[PDB]
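Chemist: Those protein sequence lines, which keep their order, are chains R, P, J, S, K and X.
Residues 2 to 327, 335 to 572 (the authors' numbering) are what the first sequence spells out, left to right.
The opening position of the second sequence corresponds to residue 1 in the authors' numbering, with each subsequent residue numbered one higher.
The opening position of the third sequence corresponds to residue 1 in the authors' numbering, with each subsequent residue numbered one higher.
The opening position of the fourth sequence corresponds to residue 1 in the authors' numbering, with each subsequent residue numbered one higher.
The opening position of the fifth sequence corresponds to residue 31 in the authors' numbering, with each subsequent residue numbered one higher.
The opening position of the sixth sequence corresponds to residue 97 in the authors' numbering, with each subsequent residue numbered one higher.
For every residue, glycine included, the Cβ atom is placed at its ideal position computed from N, Cα and C.
Below is the structure I would like to discuss, written out as structure tokens.
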Amino acid sequence: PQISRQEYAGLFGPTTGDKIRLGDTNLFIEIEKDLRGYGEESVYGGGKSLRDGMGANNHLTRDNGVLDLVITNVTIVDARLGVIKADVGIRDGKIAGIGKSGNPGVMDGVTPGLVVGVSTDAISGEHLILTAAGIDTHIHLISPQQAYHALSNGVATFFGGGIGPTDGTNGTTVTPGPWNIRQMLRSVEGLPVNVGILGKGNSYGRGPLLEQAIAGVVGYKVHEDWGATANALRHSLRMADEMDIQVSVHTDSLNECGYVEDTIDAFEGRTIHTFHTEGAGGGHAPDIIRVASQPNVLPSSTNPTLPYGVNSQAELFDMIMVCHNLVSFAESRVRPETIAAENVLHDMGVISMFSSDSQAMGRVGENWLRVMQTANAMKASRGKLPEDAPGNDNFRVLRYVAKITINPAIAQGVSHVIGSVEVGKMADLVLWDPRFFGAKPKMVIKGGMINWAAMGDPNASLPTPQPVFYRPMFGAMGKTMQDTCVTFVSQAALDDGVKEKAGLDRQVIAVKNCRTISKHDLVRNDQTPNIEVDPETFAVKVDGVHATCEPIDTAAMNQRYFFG
Amino acid sequence: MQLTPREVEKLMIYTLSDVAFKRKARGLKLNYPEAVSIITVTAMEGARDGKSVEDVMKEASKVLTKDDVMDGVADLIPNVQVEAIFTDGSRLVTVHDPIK
Amino acid sequence: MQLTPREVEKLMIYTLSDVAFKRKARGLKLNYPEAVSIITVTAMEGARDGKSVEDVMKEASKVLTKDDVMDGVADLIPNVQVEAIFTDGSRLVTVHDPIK
Amino acid sequence: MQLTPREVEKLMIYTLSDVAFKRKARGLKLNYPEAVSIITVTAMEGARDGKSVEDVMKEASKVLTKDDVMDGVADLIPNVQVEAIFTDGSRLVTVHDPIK
Amino acid sequence: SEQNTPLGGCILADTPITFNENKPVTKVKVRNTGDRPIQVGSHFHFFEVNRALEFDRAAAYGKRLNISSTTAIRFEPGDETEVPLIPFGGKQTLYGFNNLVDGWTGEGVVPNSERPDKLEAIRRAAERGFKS
Amino acid sequence: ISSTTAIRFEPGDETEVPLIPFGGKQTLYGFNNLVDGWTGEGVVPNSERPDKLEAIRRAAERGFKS
Ligand code: NI
Ligand code: NI
């Protein structure tokens, strides 16, 4: 038979050629591909297709590869797969398939591995967007409660450091030394997010670095506050290459031991992650932004400058002046010209990642929000990216998504296990209502279980009655919370028995592929142009073109959606 | 007073609606949370006042207009649901398309 | 309403400031928590009202006086900080020496 | 404001009594939780106002009548107890047979 | 007095604090030859400061600024300032910074000659680009 | 020149050769132990990086004819 699109959509959601508005933004995504045929559509319910002997197989044991979970008729927004409509399948807390789910007994075209059976539960994705969960590379471990704010914006992995609210943690992403590391590994067992910890890089010999490596860190953080010296850099990077771990940097803002060019030379063409690349959050003043030209630099921005708004200068000024309990350090630190420039460079694919800088100038619960907010402000000011397709904003959206998903993963050497909706990966997933995209998710799926969700009255006759607020779920409960969460570590540590030694019940996974990567390995954000900054007026030129845009008055996904 | 989890939870509603009612009275156009609050409490208070589910439903579907809300909020609130304590017990109230 | 941890936390502020505003209106001289509440909500409400960070700052630095507070409270409140949701997003507001 | 668990807990009281006072002013006869709220806050507010334990006690034993409550509620509230912060410190206030 | 101190306040005595009193002081003249501001702290090894600073580098060997712990001196572009210098204490072992020394910075035992590791350092500064 | 091919310099002959930079990270370890690092330009047009000048000086006194 023949059915109208409108009727089809109502049953099954949007198909190839259909367009979806991402909130109250002016971004419109379009479905590129529909992997789940027509006429044999898998839906859970009374009188529906995923019933016994019909869409569901009723004779196969689980060891035949029957699924543990299926997400049906869902729109996948992923930086590597693009914008597709598919069934998604989970087995052993891993993504087994993307395609057409059902029962091959009674159905043509069931994707191998997507057999629904006796073992299978179901999620109805018809009117939903599925993303990879975000990854926040710049976490200060000041407060355990950050995790909750994060899960509530669709972030489920933390990279950083600290030891609670010490003055060192308030300023840097460091967990210093083997005692403190051990302690912190043990603590995070109580958190419903994945974690990897960073160590203190400012050391003269190998000894003090190696120490922390074996103790379990995934990285070394080089910070001004503890000394952002050439020495620090050099030894940190040399060790890193030895240990297959990452190095992150917060450069010398004062220009004490050098200018940016000297820092660059301290990198010695070695892979490095550069936090708040613009400089409002720290770095060689006015011109740390020039590191975004280099192939060995994996650049990030912290989220308080994105998007650039009318209140942005006022805020930042006042913030530093309290951050550093303080004026010529101030107005040199806080530069309208470079902030605008950061925005543009993002849109170009020259700054490759978003981050929070949690409770050290940024907002742990706003990375997915701000990303979307930025994409939309930038469409307005610049129009369509050249690579956009005329009818849709896919190219753009997808650039931005890479920023909080696959790119962070790649940077910290965990793209083998997390960061994209792809076969063989850990199911660290987020479900969104389009109406709420970026802002307010439906749920978080954390190791194949729902860990976090928007839930109303537990006494009510439905799950939807008011008050609806974010709450832990069963994956967040008991021994499952550890079972479903990863503690990232060094291979050195893994090999030394960190899991036993530290007594960790978390999944313990070795970071890998941190040192052979470059800017060009980054997804949709692989551009290395010439960047020039004017030491007087702080004006930024990118391949000779002035890089600016005007501040926004009104943000999307903002006062409409939030009481906060 | 021996407050149960259901009782305590409902204090959130009361607090957000008080803020919301103050804002609406200043002429502010309401957002999503705020609007949901006002509809919810209208029902709840009706229940307490002794009305029927049918009657509270009407009442709550009429408290807010398109004008009283920020553009688009309607699209965000297709229905509102709350459990209220009626004379005959706890009952689910669905309020259909409350922002007309 | 899909309340996030940040949203829920802010209900504490609203509840303490309502109590505080009632007390000030009885002529009670305010304490530390109460005073911090009133300054905080002033900012927050400004944000919502559509003002600039600059403008709310002024407003909040002027709501309470030395007379309106209990002796010494000033020494306890050198600055107040809150994140509010401005038209352009969430922003930190520092209010410098609010009790003059 | 550096709110302690004891401080935070007391916000529940303030929220329920505001609702309760609104209801009583509509002519609704109060229930158990609501009535306990009003007596509790009366004490608490007295304390803050600078009264004696003796004096607040009287005050609180007089705020609600049999008429103002739902039949039987009296039997449910033989006494009410709360800790309040008096000029000389935290003190227990028992209010004996408050619904007369 | 006591009657006037704010809540948590301090009543400070009168006597000034005297620091670094024993330590011999070398004055050097510093010009910032770059286009960007340079700021140096109290415990940094002055010898190893930003290449763009032009001063008598030899004179700053084993030295720090004779200022208050935790404070700093700002050298704006194209300005000249005289700064007091003092030696480091303890063992006079300086590792890291710009990897100019990575050792002992003491005088040693012979008055009216230089140790050769000092002359090495000084030569190395020169050809790494550290302006004198 | 073409990957895998070579240029022959016979005794006492002069040839002009085309040169191009290395790609990737421009990190050169080994050979005659002249660099054992980064060979990039860096970020400052119309100056040389000091590690380059070091290299060049070191060539000179290891006997590498210029
Ligand atoms: Ni930083
Ligand atoms: Ni940071």
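1. DSSP state of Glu-83 (chain S), grouped into three classes?
2. Measure the Cβ-Cβ separation of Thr-94 (chain J) and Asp-319 (chain R) and say whether it is below 9 Å.
3. Going along the region 448-480 of chain R in order, which residues come within less than 8 Å of chain J, judged by CB to CB distance?
4. Is the separation between the beta-carbon of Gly-46 (chain J) and that of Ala-563 (chain R) shorter than 9 Å?
5. Compare the Cα-Cα distances from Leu-70 (chain R) to each of R:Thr-488, R:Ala-484, R:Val-119 and R:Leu-307 and report the closest residue.
6. Whole angstroms is fine: what's the gap from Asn-232 (chain R)'s alpha carbon to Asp-226 (chain R)'s?
7. So what does DSSP say about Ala-564 (chain R), is it helix, strand or coil?
8. Which residue spans inside the region 26-97 of chain S form an unbroken beta strand (DSSP E) run of at least 3?
9. Determine the burial state of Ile-124 (chain R): buried for a count of at least 16 other Cβ atoms within 10 Å of its Cβ, exposed for fewer.
10. Would you call the CB atoms of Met-12 (chain J) and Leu-11 (chain S) closer than 9 Å?
11. Can you tell me whether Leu-3 (chain J) is helix, strand or coil according to DSSP?
12. Among residues of its own chain, excluding the 5 on either side of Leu-92 (chain P), which ones have a beta-carbon nearer than 6 Å to its beta-carbon?
13. If you count every other CB in all the chains shown that lies within 10 Å of the CB of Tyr-569 (chain R), and 16 or more means buried, which is it?
14. Going by beta-carbon coordinates alone, are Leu-437 (chain R) and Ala-148 (chain R) separated by less than 9 Å?
15. With 8 Å as the C-beta to C-beta threshold (strictly closer), list the residues of the region 137-159 of chain X near chain K in chain order.
16. Below 8 Å CB to CB, which residues in the same chain sit around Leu-28 (chain R) once its five sequence neighbours on both sides are set aside?
17. Does any C-beta atom of chain R lie closer than 9 Å to the C-beta of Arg-6 (chain P)?
18. Measure from the alpha carbon of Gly-202 (chain R) to the alpha carbon of each residue in R:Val-107, R:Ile-265, R:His-251 and R:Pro-193, then state which is nearest.
19. Find out if the Cβ-Cβ distance for the pair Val-335 (chain R), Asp-288 (chain R) is shorter than 9 Å.
20. For the region 366-390 of chain R, which residues have a beta carbon sitting closer than 9 Å to at least one beta carbon of chain P?
21. CB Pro-36 (chain K) to CB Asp-75 (chain J), shorter than 9 Å?
22. Give the residues from the region 28-39 of chain P that approach chain J closer than 8 Å (Cβ to any Cβ), ordered along the chain.
23. Enumerated in chain order, which unbroken segments of the alpha helix (DSSP H) with a length of 4 residues or greater are wholly contained in the region 137-178 of chain R?
24. Of all the residues that make up the region 67-87 of chain P, which are near chain R by a beta-carbon distance shorter than 8 Å?
25. Taking the straight line between their C-alpha atoms, what separation do you get for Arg-23 (chain P) and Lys-29 (chain J)?
26. Note down, in chain order, all residues in the region 405-416 of chain R with a beta-carbon under 7 Å from any beta-carbon belonging to chain P.
27. Would the beta-carbon of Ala-368 (chain R) be found less than 8 Å away from any heavy atom of ligand 1?
28. Which residue comes first and which comes last in the beta strand (DSSP E) that contains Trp-440 (chain R)?
29. Is it buried or exposed for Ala-397 (chain R), if we count other Cβ within 10 angstroms and need 16 for buried?
30. Express the C-alpha separation of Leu-530 (chain R) and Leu-299 (chain R) in angstroms, rounding to a whole number.
31. In the structure shown, what three-state DSSP assignment does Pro-308 (chain R) receive?
32. Does DSSP put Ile-517 (chain R) in a helix, in a strand, or in coil?
33. Report the start-end ranges of each beta strand (DSSP E) in the region 455-515 of chain R that is 3 residues or longer and not cut off at the edges.
34. For ligand 2, is there any heavy atom lying closer than 8 Å to the beta carbon of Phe-570 (chain R)?
35. DSSP three-state call for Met-369 (chain R): helix, strand or coil?
36. Could you tell me which of R:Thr-264, R:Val-494 and R:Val-550 sits nearest to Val-519 (chain R), measuring between CA atoms?
Modeler: If we stick to the structure as given:
1. The sequence position of residue 83 (chain S) within the fourth sequence is 83, counting from 1. In this structure, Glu-83 (chain S) counts as strand in the three-state DSSP scheme.
2. Start at 1 with the first residue of the third sequence, and residue 94 (chain J) comes out as number 94. Start at 1 with the first residue of the first sequence, and residue 319 (chain R) comes out as number 318. Yes, Cβ-Cβ distance for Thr-94 (chain J) and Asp-319 (chain R) is below 9 Å.
3. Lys-448, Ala-462, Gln-474, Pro-475, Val-476, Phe-477 and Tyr-478
4. Taking the first residue of the third sequence as 1, we reach residue 46 (chain J) at position 46. Taking the first residue of the first sequence as 1, we reach residue 563 (chain R) at position 555. No, the Cβ-Cβ distance between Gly-46 (chain J) and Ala-563 (chain R) is not below 9 Å.
5. The count along the first sequence starts at 1 and reaches residue 70 (chain R) at position 69. Here the closest residue by C-alpha is R:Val-119.
6. Locating residue 232 (chain R) in the first sequence gives position 231, where the first residue counts as 1. Locating residue 226 (chain R) in the first sequence gives position 225, where the first residue counts as 1. Distance between the alpha carbons of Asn-232 (chain R) and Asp-226 (chain R) is about 15 Å.
7. Counting from 1 along the first sequence, the entry for residue 564 (chain R) is found at position 556. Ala-564 (chain R) falls in the coil class under three-state DSSP.
8. 79-86 and 89-96
9. Taking the first sequence and counting its residues from 1, the one referred to as residue 124 (chain R) is at position 123. Counting Cβ neighbours within 10 Å, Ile-124 (chain R) comes out buried, since at least 16 surround it.
10. The residue you call residue 12 (chain J) lines up with position 12 of the third sequence. The residue you call residue 11 (chain S) lines up with position 11 of the fourth sequence. In this structure, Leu-11 (chain S) lies closer than 9 Å to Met-12 (chain J) by Cβ.
11. Taking the first residue of the third sequence as position 1, residue 3 (chain J) is located at position 3. Strand.
12. Within the second sequence, residue 92 (chain P) is the residue found at index 92, counting from 1. Once the five neighbours on either side are set aside, the close Cβ partners of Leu-92 (chain P) are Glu-83.
13. The count along the first sequence starts at 1 and reaches residue 569 (chain R) at position 561. The residue in question, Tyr-569 (chain R), is buried, as its Cβ has 16 or more Cβ neighbours within 10 Å.
14. One-based indexing of the first sequence puts residue 437 (chain R) at position 429. One-based indexing of the first sequence puts residue 148 (chain R) at position 147. The answer is no: Cβ separation not under 9 Å.
15. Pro-146, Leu-149, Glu-150 and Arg-153
16. Counting from one through the first sequence, the residue named residue 28 (chain R) turns up at place 27. For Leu-28 (chain R), where only same-chain residues beyond five positions count, the Cβ hits under 8 Å are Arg-22, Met-380, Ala-383, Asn-384, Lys-387, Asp-401, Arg-404 and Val-405.
17. Taking the second sequence and counting its residues from 1, one reaches residue 6 (chain P) at position 6. Judged by the 9 Å Cβ criterion, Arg-6 (chain P) is in contact with chain R.
18. The residue you call residue 202 (chain R) lines up with position 201 of the first sequence. Nearest option by C-alpha distance: R:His-251.
19. Counting from one through the first sequence, the residue named residue 335 (chain R) turns up at place 327. Counting from one through the first sequence, the residue named residue 288 (chain R) turns up at place 287. Result no, Cβ atoms of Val-335 (chain R) and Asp-288 (chain R) do not sit closer than 9 Å.
20. none
21. For the purposes of this step, residue 36 (chain K) is identified with residue 6 of the fifth sequence, where counting begins at 1. For the purposes of this step, residue 75 (chain J) is identified with residue 75 of the third sequence, where counting begins at 1. It is a contact, given that the beta carbons lie within the stated cut-off.
22. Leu-28, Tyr-32, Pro-33, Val-36 and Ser-37
23. 147-152 and 168-172
24. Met-70, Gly-72, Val-73, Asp-75, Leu-76, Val-80, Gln-81, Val-82 and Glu-83
25. The residue labelled residue 23 (chain P) in the question sits at position 23 within the second sequence. The residue labelled residue 29 (chain J) in the question sits at position 29 within the third sequence. Each residue's alpha carbon lies about 27 Å from the other.
26. none
27. For this step, residue 368 (chain R) is matched to residue 360 along the first sequence. At least one heavy atom of ligand 1 is nearer than 8 Å to the Cβ of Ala-368 (chain R), so yes.
28. Walking along the first sequence from the start, residue 440 (chain R) turns up at place 432. First-last of the beta strand (DSSP E) with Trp-440 (chain R): 437-440.
29. For this step, residue 397 (chain R) is matched to residue 389 along the first sequence. Flag for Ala-397 (chain R) reads exposed.
30. Here residue 299 (chain R) refers to the residue found at position 298 when the first sequence is read from its first residue. Here residue 530 (chain R) refers to the residue found at position 522 when the first sequence is read from its first residue. Straight-line Cα distance between these residues: approximately 8 Å.
31. Working through the first sequence from its first residue, we reach residue 308 (chain R) at position 307. In this structure, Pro-308 (chain R) counts as coil in the three-state DSSP scheme.
32. As a first step, residue 517 (chain R) must be located in the first sequence, where it is residue number 509. It is a strand residue.
33. 457-463, 477-480 and 494-497
34. Counting from 1 along the first sequence, the entry for residue 570 (chain R) is found at position 562. Checking every heavy atom of ligand 2 against the Cβ of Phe-570 (chain R), none is found closer than 8 Å.
35. Within the first sequence, residue 369 (chain R) is the residue found at index 361, counting from 1. If DSSP states are grouped into helix, strand and coil, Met-369 (chain R) belongs with coil.
36. Here residue 519 (chain R) corresponds to residue number 511 of the first sequence, with the count starting at 1. Of the listed residues, the one whose Cα sits closest to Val-519 (chain R) is R:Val-494.
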